[PDB]
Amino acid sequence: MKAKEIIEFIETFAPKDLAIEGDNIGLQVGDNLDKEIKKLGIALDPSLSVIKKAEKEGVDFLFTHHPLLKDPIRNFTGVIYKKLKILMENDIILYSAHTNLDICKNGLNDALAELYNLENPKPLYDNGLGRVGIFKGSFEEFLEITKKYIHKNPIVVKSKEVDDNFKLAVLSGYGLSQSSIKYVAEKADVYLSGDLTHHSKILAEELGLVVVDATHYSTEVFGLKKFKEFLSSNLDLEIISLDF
């Protein structure tokens, strides 16, 4: 399989114009997309560890959820230097599907919507992120589900009592900034995401929004793992995981 083969498959599943404004998705590093690919590695972050592990395990196509750089640079030293050296020396391709993999059909968010069997889900945000629907069940049933498949000990901000069949909002990753709490407060009863700060915790309690912090890692990995199966089940490649 050529590099371009894989990239085409991915991009058909997670088209690039799904990506929110400014998101650095697609080819991060690479000079030849005709190159044949023996091993594909999959990670959350293109960290220095992941890059080294990739080269050690002989990965020649490195796919990561996060991009190598959010903000552009024009000077190459420190960590970024090291990351680039390895990738280029070993001719490893780094390719990224960030928000487009979150937003796409059956993507990271839909995976959470599907997990909780959300009735009539809709996107949560103006930019396509997150899903929101009714959870046909009790709050504790929802809690169990979170504990069983997402993250075993989630911090809960019980801001209000929660009736059966409540509106569940889910966002894979970092979804618990203040602006996001305030926004989702209009649209839901419970908000399942990751990275609750004290300020945001107070805010949630003030507006009556029930937050469950399953952390950014766990919600991402859950979707990413199913993307691995999808990758595995549809491609001949040896595919391994480096972050999970």
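Numbers follow the displayed sequence, beginning with 1.
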What stretch has the higher average Cα B-factor here, 232-240 or 21-29? 232-240
Of 166-174 and 141-149, the one with larger mean CA B-factor: 141-149
What's the residue among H98, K122, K83, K160 with the greatest CA temperature factor in the PDB record? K160
Highest recorded C-alpha temperature factor, please, choosing from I202, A188, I181, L40. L40
Quick one: classify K35 as lowest, middle or highest third of the chain based on its Cα B-factor. highest
Which third of the chain holds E57 when residues are ordered by C-alpha B factor: lowest, middle or highest? highest
Using the temperature factors of the C-alpha atoms in this entry, rank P154 within its chain: lowest, middle or highest third. highest
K136: C-alpha B-factor third of its chain, per the entry, is the highest
Third assignment of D126 from its chain's C-alpha B-factors: lowest
